[PDB]
Each structure stands twice: as structure tokens, then as C-alpha cells.
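**Student:** Below you will find the structure I want to go over with you.
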Amino acid sequence: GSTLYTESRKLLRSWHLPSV
């Protein structure tokens with residue numbers, strides 16, 4: 001669910017730290 005999906009995106013996108 002987006003609600004939780006979006007939150008996860010923030011966390012996930014957090015790791016992606018290195019956009020390299």
C-alpha cells in the first residue's frame with residue numbers, strides 16, 4: 001500500500017545513497 005509503499009521508498013531511496 002502506497003501509504004507504507006511511499007515510506008519504504010524513502011528508506012529504500014535512503015540506501016541508494018550512492019546514485020553512482
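Labeling convention for the C-alpha cells: chains A, B, ... as they appear, residues from 1 per chain, ligands from 1 in order of appearance.
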I need the alpha helix (DSSP H) residues of chain A per DSSP on the backbone, written as a list in words.

**Tutor:** residues 2, 3, 4, 5, 6, 7, 8, 9, 10, 11, 12, 13, 14 and 15 of chain A

**Student:** Kindly export the residues of the current selection with N, CA and C atoms, as a JSON list (two decimals), in the first residue's frame.

**Tutor:**
```json
[["chain", "number", "residue", "atom", "x", "y", "z"],
["A", 2, "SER", "N", 0.59, 2.13, -0.96],
["A", 2, "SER", "CA", 1.33, 3.38, -1.08],
["A", 2, "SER", "C", 1.73, 3.88, 0.31],
["A", 3, "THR", "N", 0.72, 4.24, 1.09],
["A", 3, "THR", "CA", 0.96, 4.74, 2.43],
["A", 3, "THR", "C", 2.27, 4.18, 2.99],
["A", 4, "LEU", "N", 2.34, 2.86, 3.02],
["A", 4, "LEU", "CA", 3.53, 2.18, 3.52],
["A", 4, "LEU", "C", 4.55, 2.04, 2.39],
["A", 5, "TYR", "N", 4.04, 2.08, 1.17],
["A", 5, "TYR", "CA", 4.89, 1.95, 0.00],
["A", 5, "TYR", "C", 5.81, 3.17, -0.14],
["A", 6, "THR", "N", 5.23, 4.34, 0.07],
["A", 6, "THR", "CA", 5.98, 5.58, -0.03],
["A", 6, "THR", "C", 7.05, 5.64, 1.06],
["A", 7, "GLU", "N", 6.65, 5.26, 2.27],
["A", 7, "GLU", "CA", 7.56, 5.26, 3.40],
["A", 7, "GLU", "C", 8.78, 4.38, 3.10],
["A", 8, "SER", "N", 8.50, 3.20, 2.57],
["A", 8, "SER", "CA", 9.56, 2.26, 2.23],
["A", 8, "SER", "C", 10.48, 2.86, 1.17],
["A", 9, "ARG", "N", 9.87, 3.63, 0.27],
["A", 9, "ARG", "CA", 10.62, 4.26, -0.80],
["A", 9, "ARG", "C", 11.67, 5.21, -0.22],
["A", 10, "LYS", "N", 11.27, 5.91, 0.84],
["A", 10, "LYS", "CA", 12.17, 6.85, 1.49],
["A", 10, "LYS", "C", 13.35, 6.09, 2.10],
["A", 11, "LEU", "N", 13.02, 4.97, 2.74],
["A", 11, "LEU", "CA", 14.04, 4.15, 3.37],
["A", 11, "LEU", "C", 14.93, 3.53, 2.29],
["A", 12, "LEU", "N", 14.27, 2.92, 1.31],
["A", 12, "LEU", "CA", 14.99, 2.29, 0.21],
["A", 12, "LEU", "C", 15.86, 3.33, -0.49],
["A", 13, "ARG", "N", 15.22, 4.43, -0.87],
["A", 13, "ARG", "CA", 15.93, 5.51, -1.55],
["A", 13, "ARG", "C", 17.07, 6.03, -0.67],
["A", 14, "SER", "N", 16.97, 5.74, 0.61],
["A", 14, "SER", "CA", 17.98, 6.17, 1.56],
["A", 14, "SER", "C", 19.29, 5.42, 1.31],
["A", 15, "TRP", "N", 19.16, 4.13, 1.06],
["A", 15, "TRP", "CA", 20.32, 3.29, 0.80],
["A", 15, "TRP", "C", 20.93, 3.73, -0.53]]
```
